[PDB]
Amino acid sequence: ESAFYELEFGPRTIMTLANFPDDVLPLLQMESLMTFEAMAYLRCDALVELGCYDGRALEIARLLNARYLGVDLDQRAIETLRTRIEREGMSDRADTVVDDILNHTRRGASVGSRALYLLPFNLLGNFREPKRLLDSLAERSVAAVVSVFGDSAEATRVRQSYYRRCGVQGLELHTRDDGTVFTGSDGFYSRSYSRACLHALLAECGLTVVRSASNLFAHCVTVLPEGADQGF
């Protein structure tokens, strides 16, 4: 799992904004708005961004005066995030770890009292076995936001352009009933989801849907782990 993101320039090629088709921005905006609103309503004092790169959700924590933890394998992107945290005077409230996401979710200390876990920008679709990641959220979180590419013809055309712009080698497209799977010879793996398939996967992993939003490109879901306390 995540072999592609252990490559020196794996994360850089995928997360460089200049490599994004314009139509990626609506996916990122929907996910941002839903994370912001979820943290307020569910009284989360902490945001944990899995695959944060250079801190793509830091502004959400900033405008809510929430604690922030960014987790990524990419040392260079985390150093950019550390530099911004210091310059923003957020060192007391915002932290970073260079580590595997599953190392963090399985063994990492709690962040704040009521943490929301963000799985942004199709992170879940980059796991061949997404149930291992989803199952690990229960321990340290009272909520999660999961953002994935959808399976519309338009979404697939965006992804065809995006992954080639990123320079993914030997890119192949595999069409399935419930999503489109892209693979690369470099260990690249990215699937999209139908709304029904995403909802079914979440229910299977004991994650209750409280909010579900879709646009032409993406599905974004706010979930509560069953067994999570829902106090204030």
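Each residue number is its position in the shown sequence, starting from 1.
Per-stretch averaging of Cα B factors for 192 to 200 and 172 to 180 places 172 to 180 on top.
In this crystal structure, the stretch out of 51 to 59 and 161 to 169 whose C-alpha atoms carry the higher mean B factor is 161 to 169. Among all modelled residues in this chain, the alpha-carbon of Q75 has a temperature factor (C-alpha) in the highest third.
Compared with the other modelled residues of the chain, the Cα B-factor recorded for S147 ranks in the lowest third.
Per the PDB record, residue ranking by Cα B-factor puts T13 in the highest third of the chain. Remark: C205 belongs to the highest third of its chain, ranked by C-alpha B-factor as recorded. When all modelled residues of the chain are sorted by CA temperature factor, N122 is found within the lowest third.
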